[PDB]
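J.: A single structure is presented below for examination.
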There are 2 protein chains.
Amino acid sequence: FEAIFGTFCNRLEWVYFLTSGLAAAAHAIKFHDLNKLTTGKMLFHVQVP
Amino acid sequence: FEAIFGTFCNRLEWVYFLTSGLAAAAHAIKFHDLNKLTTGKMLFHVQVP
């Protein structure tokens with residue numbers, strides 16, 4: 001006879017964005033109406049000494 | 001729609017003469033401007049050993 005000694009499968013490992021140290025550079029925010037948004041902007045006012 | 005989520009202003013830092021290290025070389029006094037005819041004559045007799 002031929003014998004089969006067990007069958008194995010790949011135990012995949014999971015990666016998350018907020019767990020990576022690269023996330024330190026990001027400030028992550030969820031926004032449900034994002035698909036409706038066209039463009040976003042910020043404005044700065046500077047007076048020099 | 002279009003979004004604005006920032007307005008910012010520049011926070012100035014103040015500088016003073018008396019709080020600077022350069023002021024140590026000075027002897028700064030505030031006095032009236034009583035029209036002293038170009039008072040460029042300070043005459044000194046300094047004792048010499």
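By convention here, the chains of the structure tokens are called A, B, ... in the order presented, each chain's residues are numbered starting at 1, and ligands are numbered starting at 1 in the order presented.
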For chain B fitted to chain A over all Cα atoms in order, what RMSD does a least-squares superposition give?
T.: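 Across all paired C-alpha atoms, the RMSD is 2.2 Å.
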J.: Give the residues of chain A that lie within 9 Å of chain B; count only C-alpha atoms, and format the answer as a ChimeraX atom specification.
T.: /A:36-49
J.: May I have the selected residues written with N, CA, C and O atoms, as an mmCIF file, in the first residue's frame?
T.:
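Written out: out14.cif:
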data_model
loop_
_atom_site.group_PDB
_atom_site.id
_atom_site.type_symbol
_atom_site.label_atom_id
_atom_site.label_comp_id
_atom_site.auth_asym_id
_atom_site.auth_seq_id
_atom_site.Cartn_x
_atom_site.Cartn_y
_atom_site.Cartn_z
ATOM 1 N N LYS A 36 -18.524 61.118 -1.891
ATOM 2 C CA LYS A 36 -19.159 62.316 -2.427
ATOM 3 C C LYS A 36 -18.196 63.494 -2.491
ATOM 4 O O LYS A 36 -18.417 64.429 -3.267
ATOM 5 N N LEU A 37 -17.140 63.477 -1.685
ATOM 6 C CA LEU A 37 -16.203 64.591 -1.643
ATOM 7 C C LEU A 37 -15.424 64.702 -2.946
ATOM 8 O O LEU A 37 -14.940 63.702 -3.480
ATOM 9 N N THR A 38 -15.300 65.927 -3.455
ATOM 10 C CA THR A 38 -14.489 66.161 -4.646
ATOM 11 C C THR A 38 -13.056 66.520 -4.275
ATOM 12 O O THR A 38 -12.110 65.830 -4.667
ATOM 13 N N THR A 39 -12.875 67.599 -3.515
ATOM 14 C CA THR A 39 -11.545 68.017 -3.098
ATOM 15 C C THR A 39 -11.609 68.621 -1.703
ATOM 16 O O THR A 39 -12.621 69.205 -1.307
ATOM 17 N N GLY A 40 -10.517 68.470 -0.961
ATOM 18 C CA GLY A 40 -10.397 69.046 0.363
ATOM 19 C C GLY A 40 -9.153 69.909 0.444
ATOM 20 O O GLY A 40 -8.186 69.692 -0.286
ATOM 21 N N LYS A 41 -9.186 70.899 1.331
ATOM 22 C CA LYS A 41 -8.097 71.859 1.373
ATOM 23 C C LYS A 41 -7.960 72.470 2.758
ATOM 24 O O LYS A 41 -8.894 72.452 3.562
ATOM 25 N N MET A 42 -6.773 73.011 3.020
ATOM 26 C CA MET A 42 -6.465 73.754 4.231
ATOM 27 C C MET A 42 -5.806 75.072 3.848
ATOM 28 O O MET A 42 -5.111 75.159 2.836
ATOM 29 N N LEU A 43 -6.023 76.101 4.662
ATOM 30 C CA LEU A 43 -5.545 77.440 4.349
ATOM 31 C C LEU A 43 -4.726 77.986 5.506
ATOM 32 O O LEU A 43 -5.091 77.812 6.671
ATOM 33 N N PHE A 44 -3.628 78.662 5.178
ATOM 34 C CA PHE A 44 -2.675 79.151 6.165
ATOM 35 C C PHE A 44 -2.507 80.655 6.030
ATOM 36 O O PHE A 44 -2.502 81.192 4.922
ATOM 37 N N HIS A 45 -2.370 81.327 7.169
ATOM 38 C CA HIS A 45 -2.198 82.770 7.228
ATOM 39 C C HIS A 45 -0.921 83.075 7.995
ATOM 40 O O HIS A 45 -0.790 82.694 9.161
ATOM 41 N N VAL A 46 0.012 83.763 7.345
ATOM 42 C CA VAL A 46 1.336 84.010 7.900
ATOM 43 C C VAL A 46 1.624 85.501 7.841
ATOM 44 O O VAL A 46 1.427 86.137 6.801
ATOM 45 N N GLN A 47 2.082 86.057 8.955
ATOM 46 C CA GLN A 47 2.605 87.413 9.008
ATOM 47 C C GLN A 47 4.040 87.348 9.504
ATOM 48 O O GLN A 47 4.326 86.660 10.488
ATOM 49 N N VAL A 48 4.937 88.053 8.822
ATOM 50 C CA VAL A 48 6.368 87.894 9.066
ATOM 51 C C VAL A 48 6.865 88.939 10.056
ATOM 52 O O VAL A 48 6.334 90.058 10.102
ATOM 53 N N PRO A 49 7.856 88.614 10.880
ATOM 54 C CA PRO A 49 8.463 89.626 11.744
ATOM 55 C C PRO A 49 9.425 90.501 10.960
ATOM 56 O O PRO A 49 9.828 90.186 9.840
#
J.: Would you please give, as a PyMOL selection string, all residues of chain B that DSSP assigns to strand (DSSP E) based on the backbone?
T.: chain B and resi 3-9
J.: Residues as selected, N, CA and C atoms, written as a PDB file, in the first residue's frame, can you do that?
T.:
ATOM      1  N   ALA B   3     -14.650  70.316   0.514  1.00  0.00           N
ATOM      2  CA  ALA B   3     -14.474  70.393   1.954  1.00  0.00           C
ATOM      3  C   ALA B   3     -13.323  71.312   2.329  1.00  0.00           C
ATOM      4  N   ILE B   4     -13.535  72.071   3.399  1.00  0.00           N
ATOM      5  CA  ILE B   4     -12.486  72.805   4.092  1.00  0.00           C
ATOM      6  C   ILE B   4     -12.439  72.289   5.519  1.00  0.00           C
ATOM      7  N   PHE B   5     -11.277  71.800   5.941  1.00  0.00           N
ATOM      8  CA  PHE B   5     -11.129  71.350   7.315  1.00  0.00           C
ATOM      9  C   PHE B   5      -9.809  71.869   7.888  1.00  0.00           C
ATOM     10  N   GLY B   6      -9.510  73.134   7.610  1.00  0.00           N
ATOM     11  CA  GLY B   6      -8.396  73.785   8.271  1.00  0.00           C
ATOM     12  C   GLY B   6      -8.229  75.260   7.977  1.00  0.00           C
ATOM     13  N   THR B   7      -8.083  76.064   9.027  1.00  0.00           N
ATOM     14  CA  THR B   7      -7.601  77.434   8.916  1.00  0.00           C
ATOM     15  C   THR B   7      -6.571  77.644  10.013  1.00  0.00           C
ATOM     16  N   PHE B   8      -5.413  78.189   9.653  1.00  0.00           N
ATOM     17  CA  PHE B   8      -4.283  78.233  10.565  1.00  0.00           C
ATOM     18  C   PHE B   8      -3.602  79.591  10.521  1.00  0.00           C
ATOM     19  N   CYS B   9      -3.032  79.976  11.659  1.00  0.00           N
ATOM     20  CA  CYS B   9      -2.342  81.244  11.810  1.00  0.00           C
ATOM     21  C   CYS B   9      -0.958  80.986  12.383  1.00  0.00           C
TER      22      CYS B   9
END
J.: Any idea what the distance is between CA of residue 15 (chain A) and CA of residue 28 (chain A)?
T.: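 So the two atoms, CA of residue 15 (chain A) and CA of residue 28 (chain A), lie 16.3 Å apart.
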J.: Identify, on the basis of only C-alpha atoms, every residue whose closest approach to residue 17 (chain B) does not exceed 12 Å; exclude the query and any residue fewer than 4 positions from it along the same chain; express the result as number ranges by chain.
T.: B: 21-28
